[PDB]
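Chemist: Please see the structure below; I have some questions.
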Amino acid sequence: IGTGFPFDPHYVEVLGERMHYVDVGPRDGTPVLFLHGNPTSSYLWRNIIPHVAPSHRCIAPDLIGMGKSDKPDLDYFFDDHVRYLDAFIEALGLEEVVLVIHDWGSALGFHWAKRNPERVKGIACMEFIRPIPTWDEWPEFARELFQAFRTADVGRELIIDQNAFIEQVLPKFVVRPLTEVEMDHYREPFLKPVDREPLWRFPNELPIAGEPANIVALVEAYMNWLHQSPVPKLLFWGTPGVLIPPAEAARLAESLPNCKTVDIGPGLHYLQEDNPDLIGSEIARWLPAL
């Protein structure tokens, strides 16, 4: 598994802030837009993109306040990310797209898809955000941790002061051991504690136990759209998973229209770090059929 990030940097100005993105592959057909989540960046996609780039344009932005993108003094609510991503897509003059999405990147992607259904040609997804009705549906191996993340004072102490989302959550949710080089790549955006605001707000935006109500409503909305959309879908899952356990992937395999599922083997949350070659190769095999 490659530790390097051999991609020329690109920046586009979005609402007075520069957003970094990877942009490789041929420029004529439909682009594949890769959307990371918390606490990652386009670095998450580094070993997946090379399978896809030979045949298709790969665009992978770093979300505002993350990766190599500018870091405005925002609250970094989900709605903030929505506004910047909406503006990024229009800034590049993208028409139709294929989405490849994960975690908060999936919330963003699905919400964009619901609002622009005519412009989405396919969705490849993995460990995506769905309503979590109770904490019983959250893996026992991370229940107290994320409960603490959403507790007053304690949450900020763990995520901001101690950098728990980088130093604990990342290794905890990758089955194979991450190298020091890989950790340093993930560390680089958040060397300054103050810049960890998005890493704390994201877990506090998760639709868990009916709160926050607005996000629950929004996620329910795009899941309702997804369940009745004819757009081709490719769902990657792992055992035992985090957001999408095997049993959930099985239900989605039946319920989601026009959906193919791919079992990546052992996986938690950052499936891209466990089996990037299978994820990349399957996306590549899938795209020409769109």
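Chemist: DSSP H helices in the chain with Cα extent of 20 Å or more along the helix axis and mean Kyte-Doolittle hydropathy at least 0.5? Each step should come with its number before you reach the end.
Modeler: Details: long enough: 213-227 (21 Å, 0.79).
Qualifying helices: 213-227.
Chemist: What per residue convex hull volume, in Å³, do the alpha-carbon atoms of region 29-175 yield? Write out the running numbers ahead of the final one.
Modeler: Values: hull volume 19.6 nm³, N = 147.
Value for region 29-175: 134 Å³ per residue.
Chemist: Please list, ordered by chain and number, the residues whose modelled amide H lies under 5 Å from the amide H of residue 262; skip anything fewer than 5 residues away on the same chain.
Modeler: Amide H to amide H, under 5 Å and 5 or more residues apart or across chains, residue 262 pairs with 235, 236, 237.
Chemist: Next question. List every residue whose amide H lies under 5 Å from the amide H of residue 128, counting only residues 5 or more places away in sequence or on a different chain, with H placed 1.01 Å from N in the peptide plane.
Modeler: When sequence neighbours closer than 5 places are left aside, the close amide H contacts are 103.
Chemist: If you don't mind, there's one more thing I want to ask. With unit charges on the beta carbons (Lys and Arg positive, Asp and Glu negative) and the dipole taken about the Cα centre of the chain, which residue among 225, 101, 267 sits farthest to the positive side?
Modeler: 225
Chemist: Rounded to the nearest 20 Debye, what is the dipole magnitude of region 9-289 about its Cα centre when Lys and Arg each give +1 and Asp and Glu each give -1 at the C-beta? Intermediate values should be presented prior to the final figure.
Modeler: Values: 25 positive and 41 negative charges, 139 e Å.
About 660 debye.
Chemist: For a quick check: with amide H placed at 1.01 Å from N, whose amide H comes under 5 Å from residue 175's, ignoring anything fewer than 5 positions away on the same chain?
Modeler: The answer is 268.
Chemist: What is the extension gain from residue 148 to residue 194, computed as 0.36 nm multiplied by their sequence separation minus the C-alpha to C-alpha distance, in nm to one decimal?
Modeler: 14.6 nm
Chemist: With N residues in region 9-289, what two-decimal value do you get for its Cα radius of gyration over 2.2 N^0.38 Å? Write down the numbers at each step before the final one.
Modeler: Working: Rg = 17.4 Å, N = 281, 2.2 N^0.38 = 18.7 Å.
Against the empirical 2.2 N^0.38 Å value, I get 0.93 for region 9-289.
Chemist: Hey, what did the chain get for relative contact order, percent, Cα under 8 Å, at least 6 apart?
Modeler: Worked out over the chain, it gives 21 percent.
Chemist: Describe numerically, in nm with one decimal, the distance between label points set 7 Å from Cα along Cα→Cβ at residue 70 and at residue 157.
Modeler: 3.6
Chemist: Okay, moving on. Rounded to the nearest 500 deg cm²/dmol, what is the calculated helix-only ellipticity per residue at 222 nm for the chain, with -39500 (n - 2.57) per DSSP H run of length n ≥ 4? Provide the component values of the computation, followed by the final result.
Modeler: Working: 10 runs with 94 residues, N = 290.
Value at 222 nm, helices only, nearest 500: -9500 deg cm²/dmol.
Don't worry about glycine lacking a Cβ; one is built from the backbone with ideal geometry, like all the others, and counts go over all protein chains shown. Every read-out reported here was derived from the displayed coordinates using simple, explicitly stated rules and does not represent laboratory data.
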